[PDB]
Structures are given as structure tokens and as C-alpha cells.
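Engineer: Pasting a structure below so you can have a look.
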Amino acid sequence: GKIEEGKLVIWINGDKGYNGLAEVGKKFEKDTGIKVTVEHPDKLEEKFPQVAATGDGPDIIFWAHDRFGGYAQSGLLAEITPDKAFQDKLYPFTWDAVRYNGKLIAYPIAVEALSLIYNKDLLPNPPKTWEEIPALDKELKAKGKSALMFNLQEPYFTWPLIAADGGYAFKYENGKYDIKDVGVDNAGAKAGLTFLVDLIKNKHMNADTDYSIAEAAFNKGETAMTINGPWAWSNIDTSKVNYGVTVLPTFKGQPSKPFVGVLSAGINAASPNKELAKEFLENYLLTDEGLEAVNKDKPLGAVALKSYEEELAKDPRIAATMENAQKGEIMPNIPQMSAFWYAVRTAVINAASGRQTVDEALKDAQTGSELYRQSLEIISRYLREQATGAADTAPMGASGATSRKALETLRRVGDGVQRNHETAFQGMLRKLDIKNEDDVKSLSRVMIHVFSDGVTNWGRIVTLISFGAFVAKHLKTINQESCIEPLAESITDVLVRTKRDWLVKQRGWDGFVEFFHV
Ligand SMILES: CO[C@@]1(CN2CCN3CCOC[C@@H]3C2)/C(F)=C/C[C@H](C)[C@@H](C)S(=O)(=O)NC(=O)c2ccc3c(c2)N(C[C@@H]2CCO[C@H]21)C[C@@]1(CCCc2cc(Cl)ccc21)CO3
Ligand SMILES: OC[C@H]1O[C@H](O[C@H]2[C@H](O)[C@@H](O)[C@@H](O)O[C@@H]2CO)[C@H](O)[C@@H](O)[C@@H]1O
């Protein structure tokens, strides 16, 4: 459970230029005598936060920037402190992608956007609209071909169509995300996902098509079109297909809006090799020579390094990548992105398979995407009003009727539990001996052990939160009132992470209000 000193272990996704990255490793070894091991484990973006939490895992993790804010919030990433001269070598917007709470938490590498990739021997002119693809598939089926195949197992690839007519993740306005405002189950998201489920119903696409199936069908010339990123171009070059890379089709006359990723390199907070990792990333990888070694293996897209991006900018495939990037949006890096992606992944798979309707599927995705913020609103307000004797005057905001009725229910059932179990609550309080901000952060491991060692039901959830309020009254008492909000975030995190699937099957806090209805 300790990262070894005097080497570098690196994790990067299996679709990226990991052999190219290993050659940059070898150059580092030649100068320093330090061995660089590059690994591409399956589901590395799920494995990282698990292994890093115990002070294990790689020295360096590569992913798109969207996952890095959760990593940072959980204390898993070393702060990045490049000097000016090095910061000035990368585009300022790429540094913005790896800024979390005013601190740089990664090195940006490259800008990725999806494009439409078409076979010019099947489709001299690619379609400008999604709406013309059914008619084009009918023409191509008559010659033993299909119009379009892309990965339907990862919401990344379907999001551009969902977003086109007004689906969104977290509303962005006046240079600010409203994390309360989620656009997964609106009329625009519904129209985009209904169009996708209609293509599958009409046998223009297959619900089971994944990355490998779509890639093989395009690269063998069986399908005229795919949707993929720059990393995919190497294998198409090898297939000798006469391909173009172009703007994604419009939907209802509006651009497809890809979620734009910055491939980023983070340093593990538990690494004893932080100076070696900084030296490797700044003076070996993020050079014209280091990025070229990776790019030549699998293309990176529009690199963060200004000197190299100027050389690659002339490539029409890159110009097309940035066209689809500027019609799209830079992904948020807020901790909730992980939950957003899980929720939308399940909705797309379930709608495509017929397991749920589009309305049922996006309903559950909206509930899943809102769950952390709504749970924190309820739990934070209950802890603080129990501590101080006075309620919060601030509007509840989005889904406010549910937050209000959940807080009302919690006051009734929670107060009942605190009273009937006052002796048991006092006994556990003294036994924990909670004195400061440090002791509060150690409760997280105890909460997970006890709250997860039992049945899932609303009764045990009321106990988690009610004991939370009991501790909050104590923290007010000992002039540790500034610990109540951190405590509320820790309780919320334990609840939503461990009971995510059960909470969504109950329709979240509406199920809570219903279950305890008098
Ligand atoms: C008897 O005393 C407890 C139970 N415990 C169980 C674990 N064993 C382990 C060995 O030591 C002794 C202890 C005793 C009590 F009163 C139970 C009455 C309830 C009503 C039940 C009938 S129930 O079924 O409905 N629910 C629960 O069993 C329950 C659900 C969530 C909780 C917890 C229980 N517990 C343990 C309860 C709290 C009071 O006494 C415990 C609290 C918690 C952990 C501490 C740290 C902590 C910190 C914060 Cl801020 C919030 C929650 C927690 C996590 O949440
Ligand atoms: O599908 C949800 C998924 O989307 C993004 O992951 C992309 C990644 O950004 C690309 O570099 C490429 O590897 O394909 C991945 C999709 O399979 C998000 O970055 C990721 O967090 C999210 O789970």
C-alpha cells in the first residue's frame, strides 16, 4: 500500500498512444537511470480513486480533465506549480481545464473533440443533418452497406445529439455553472435520445454496437460513417480506407455539441516521486519531441503546447476537430461529473435496449445527476438549524418543493429518533470524542463501515442524518460551528456514493417523503 521510490508508474487509457508514451519513458531513463512503467489497465478512471485513497496506485494518471476535480476534492492529486516560462508555453484555456478551486491539479496535454469520420469511396459528400441518415442507410443497405456505426455503450459518443436541441449537464450562464440546474430530462434531451432510439427501432443502428464493433465495421469498409476522436485515426490509416474528418451532422437545424476533453496528467498525492514526475512531464513529454512520439502512435488532437500545435494546425483533420470543439462545450471538472456520466450511460443503454422508455430513462438520469446537490441541501439545512435553533431563510431553488417536503419529513422523523435514542446517541458521541476539524474528517471511514454494515432502508438513512444533527449540536456547543458544513458534505458523500442505485430506484427524496407520509 505504498508507492515505490526511484521509479515512475504511469496509467493512461488503452485507446491512447501508450507505446509512444513508453518511448518518452526510455528517453527519461537514458538521462536519469529512472525506469518508467506505462500501464493501460481497464476502467483506470474508476480504479484510480479506489487505490489512490489508500496511498497506492500510479505516480502519474492520464485522463480527460472532467474526472480530475473529484480526484482533487478527495485529496488524491498533488498541486501543480509550473513557473511562468513553462505556463506561457501552453494555451491559457488548457490550464483553465485543470484549475480546481483556484489551484492547478494537472498538466494539460491535448484538446479532444469527436468528429464525423466518413468513407469517401462510399459517401463522397457526408450528410449535413442527422435527419437524412435513415434515407442514406436505405440507399447503402441496397448495396450491402450501412450509413453509421459508433459506440452506443459510452454516453460520450451520444451526448453531441442529446445536447444539440437543448440537453445540458450543468447550466452555464454569466461565467458560472448552476450545479442545481440539470438539463438531462428536458424536451431537447428527449428529442435527441428519441431520434437515436428511432434509428435502432428502424434497424439503422444496433443497441449492442460498442467501440470495437464500430471500429472494425468502419475500418473494413462495411459502414460509410463513424463518430470518434483523434486517437482513432492511426487504425484508419492502417486500414487504407479513403476517409475524411468533418463537422458532425446538425439536429433540428442546430449543431451537434460534443463534450470537449483536455487529456491531462495528474500527480498522485501519495507519490514519493513528485519531483521526478514534474521533471518527466515538463521537460520530456511536454516538448515538440515528446508530444510527437505520442502523436505518431495515436494522434492527440490539438496539443496544449503552442510550438507543436502550430506545426499540427495545418492538418485538415485537426481543423475539423477544433470546428466540432467550438460548436461543443468544455466539460466541467466538478466532483459530480462522475455521477452525471454514470446516470446518462445507464439512460442511453436502457433506452436503446427497450429496458426503459426515453421518458423513464432520462427521468432516472435527472434524479441521479441532481442527487448529490439535493441531498446536501436537505442534510446541510437540517444539521445547521438543529445546531443554531433557527432555519435557513434562503430559497431551496431547483426541485424546491421536494427539498422543502424532505426537510419537513426529516424534522418530524429525525427529531423522533434523536429523542427515543437520546441515551444511545449520547453513548456513541462520548465514545467518538469529537473535538475539531481533524476528528470530523476521521468519521467518514466509521460512517461507511457502520452505515454499509446493514440493510438499505429510509430508517437507517434517518439514523445516519439524525446522528449527524446530534454531532452538529455538539460542534456548536464547543465553538466548532465551522465544522458543521464539512460534516454535512461527508454525510452526503457517504449516502449518495454507497446508496446511489437504491436512492434512484426510490425516486430519491420524493420516495422519502412518500415512505413517511402520515
Ligand atoms: C446502538 O447504537 C447505535 C448502533 N450502532 C451500530 C454499530 N455498532 C458498531 C460497534 O459499536 C456500537 C455500534 C452501535 C444505534 F443507536 C442504533 C439505533 C438505530 C436507530 C438502529 C435501530 S438503525 O438500524 O435504524 N440504524 C443504525 O443502526 C445506524 C445507521 C446509520 C448509522 C449509525 C447507526 N450510527 C451508529 C448509531 C449512532 C448512535 O448509536 C449507534 C452512526 C454512524 C456511525 C458512527 C459515526 C457516525 C457519525 C455521523 Cl456524523 C453520523 C452517523 C454515524 C453511522 O450511521
Ligand atoms: O462516456 C463517458 C465518458 O466520456 C469521457 O471519456 C472519453 C474520453 O474523454 C476520451 O479521451 C476517449 O477515451 O473516450 C472516452 C469515452 O469512452 C469522459 O472523459 C469520461 O470521464 C466519461 O466517463
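Going through the C-alpha cells in order, the chains are called A, B, and so on, while each chain numbers its residues from 1 and the ligands are numbered from 1 in the order shown.
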Could you give me, as number ranges by chain, the residues within 9 Å of region 320-335 of chain A, counting only C-alpha atoms and dropping anything in the same chain fewer than 6 positions from it?

Structural biologist: A: 65-74, 97-100, 111-116, 160, 163, 169-170, 177, 179, 229-230, 245-248, 255-262, 301-302

Engineer: When the cut-off is 7 Å and you count only C-alpha atoms and all ligand atoms, which residues lie near ligand 2, shown as a list in words?

Structural biologist: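 The residues within 7 Å of ligand 2, counting only C-alpha atoms and all ligand atoms, are residues 13, 15, 63, 64, 65, 66, 67, 112, 154, 155, 156, 157, 261, 263, 338, 341 and 345 of chain A.
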
Engineer: Filtering to N, CA, C and O atoms, could you give me those residues as an mmCIF file, in the first residue's frame?

Structural biologist:
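What landed in selection.cif:
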data_model
loop_
_atom_site.group_PDB
_atom_site.id
_atom_site.type_symbol
_atom_site.label_atom_id
_atom_site.label_comp_id
_atom_site.auth_asym_id
_atom_site.auth_seq_id
_atom_site.Cartn_x
_atom_site.Cartn_y
_atom_site.Cartn_z
ATOM 1 N N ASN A 13 -5.188 5.599 -20.704
ATOM 2 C CA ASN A 13 -6.264 4.757 -21.300
ATOM 3 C C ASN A 13 -5.743 3.948 -22.502
ATOM 4 O O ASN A 13 -4.874 4.445 -23.248
ATOM 5 N N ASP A 15 -6.826 3.408 -25.394
ATOM 6 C CA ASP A 15 -7.107 3.969 -26.741
ATOM 7 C C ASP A 15 -6.050 5.027 -27.096
ATOM 8 O O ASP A 15 -6.065 5.499 -28.237
ATOM 9 N N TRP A 63 -6.027 11.174 -17.840
ATOM 10 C CA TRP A 63 -7.444 11.070 -18.254
ATOM 11 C C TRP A 63 -7.817 12.420 -18.838
ATOM 12 O O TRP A 63 -6.996 13.352 -18.684
ATOM 13 N N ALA A 64 -9.002 12.525 -19.425
ATOM 14 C CA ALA A 64 -9.609 13.834 -19.720
ATOM 15 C C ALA A 64 -9.853 14.559 -18.395
ATOM 16 O O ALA A 64 -10.099 13.887 -17.318
ATOM 17 N N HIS A 65 -9.849 15.876 -18.453
ATOM 18 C CA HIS A 65 -9.847 16.769 -17.272
ATOM 19 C C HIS A 65 -11.098 16.601 -16.402
ATOM 20 O O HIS A 65 -11.032 17.025 -15.208
ATOM 21 N N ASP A 66 -12.214 16.150 -16.982
ATOM 22 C CA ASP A 66 -13.535 16.109 -16.317
ATOM 23 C C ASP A 66 -13.448 15.296 -15.008
ATOM 24 O O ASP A 66 -14.080 15.732 -14.037
ATOM 25 N N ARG A 67 -12.658 14.220 -14.947
ATOM 26 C CA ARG A 67 -12.579 13.378 -13.715
ATOM 27 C C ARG A 67 -11.698 14.024 -12.635
ATOM 28 O O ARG A 67 -11.801 13.547 -11.490
ATOM 29 N N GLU A 112 -9.368 17.233 -27.140
ATOM 30 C CA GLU A 112 -10.087 16.166 -27.872
ATOM 31 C C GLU A 112 -11.535 16.622 -28.088
ATOM 32 O O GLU A 112 -12.189 17.078 -27.117
ATOM 33 N N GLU A 154 -21.031 4.039 -24.430
ATOM 34 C CA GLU A 154 -20.422 5.180 -23.706
ATOM 35 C C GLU A 154 -21.160 6.452 -24.102
ATOM 36 O O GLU A 154 -21.146 6.848 -25.265
ATOM 37 N N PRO A 155 -21.744 7.170 -23.119
ATOM 38 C CA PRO A 155 -22.579 8.328 -23.420
ATOM 39 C C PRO A 155 -21.814 9.463 -24.098
ATOM 40 O O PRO A 155 -22.453 10.322 -24.700
ATOM 41 N N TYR A 156 -20.485 9.478 -23.960
ATOM 42 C CA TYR A 156 -19.591 10.450 -24.637
ATOM 43 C C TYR A 156 -19.982 10.610 -26.108
ATOM 44 O O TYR A 156 -19.965 11.728 -26.625
ATOM 45 N N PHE A 157 -20.290 9.504 -26.787
ATOM 46 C CA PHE A 157 -20.486 9.443 -28.258
ATOM 47 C C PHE A 157 -21.908 9.870 -28.605
ATOM 48 O O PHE A 157 -22.080 10.339 -29.729
ATOM 49 N N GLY A 261 -12.909 17.401 -24.150
ATOM 50 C CA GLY A 261 -11.971 16.907 -23.127
ATOM 51 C C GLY A 261 -10.577 17.452 -23.402
ATOM 52 O O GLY A 261 -10.220 17.676 -24.582
ATOM 53 N N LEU A 263 -7.106 15.982 -22.470
ATOM 54 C CA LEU A 263 -6.240 14.904 -21.932
ATOM 55 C C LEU A 263 -5.216 15.551 -20.992
ATOM 56 O O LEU A 263 -4.537 16.496 -21.408
ATOM 57 N N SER A 338 -18.647 12.518 -12.477
ATOM 58 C CA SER A 338 -18.633 11.042 -12.346
ATOM 59 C C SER A 338 -20.080 10.523 -12.284
ATOM 60 O O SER A 338 -20.412 9.616 -13.066
ATOM 61 N N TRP A 341 -22.128 11.170 -15.561
ATOM 62 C CA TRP A 341 -21.746 10.219 -16.631
ATOM 63 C C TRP A 341 -22.360 8.836 -16.352
ATOM 64 O O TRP A 341 -22.875 8.217 -17.318
ATOM 65 N N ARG A 345 -25.027 7.299 -18.985
ATOM 66 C CA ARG A 345 -24.604 5.988 -19.560
ATOM 67 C C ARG A 345 -25.755 4.989 -19.409
ATOM 68 O O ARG A 345 -26.005 4.282 -20.372
#

Engineer: Find the distance between atom 46 (C, counted along the ligand's line) of ligand 1 and CA of residue 446 (chain A) and write it in Å to one decimal.

Structural biologist: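 Between atom 46 (C, counted along the ligand's line) of ligand 1 and CA of residue 446 (chain A) the gap is 5.2 Å.
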
Engineer: Name the residues of region 53-107 of chain A that come out as alpha helix (DSSP H) in a backbone DSSP run; write them as a list in words.

Structural biologist: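 Residues meeting the alpha helix (DSSP H) criterion: residues 68, 69, 70, 71, 72, 73, 84, 85, 86, 87, 92, 93, 94, 95, 96 and 97 of chain A.
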
Engineer: Need to verify the contact set: residue 254 (chain A), 12 Å, only C-alpha atoms, exclusion of same-chain residues closer than 5 positions in sequence. Can you return it as a list in words?

Structural biologist: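 Selected residues are residues 128, 129, 130, 131, 160, 161, 162, 163, 164, 165, 166, 167, 188, 192, 248, 249, 327 and 328 of chain A.
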
Engineer: With a distance cut-off of 6 Å and only C-alpha atoms, select the neighbouring residues of residue 294 (chain A), excluding the residue or stretch itself and same-chain residues fewer than 5 positions from it, and output the selection as a PyMOL selection string.

Structural biologist: chain A and resi 17+20-21

Engineer: List all protein, DNA and RNA residues that have at least one atom no more than 9 Å from any atom of ligand 1, counting only C-alpha atoms and all ligand atoms, and write them as a PyMOL selection string.

Structural biologist: chain A and resi 417-418+420-429+431-432+440+443-455+457-472+487-488+490-491
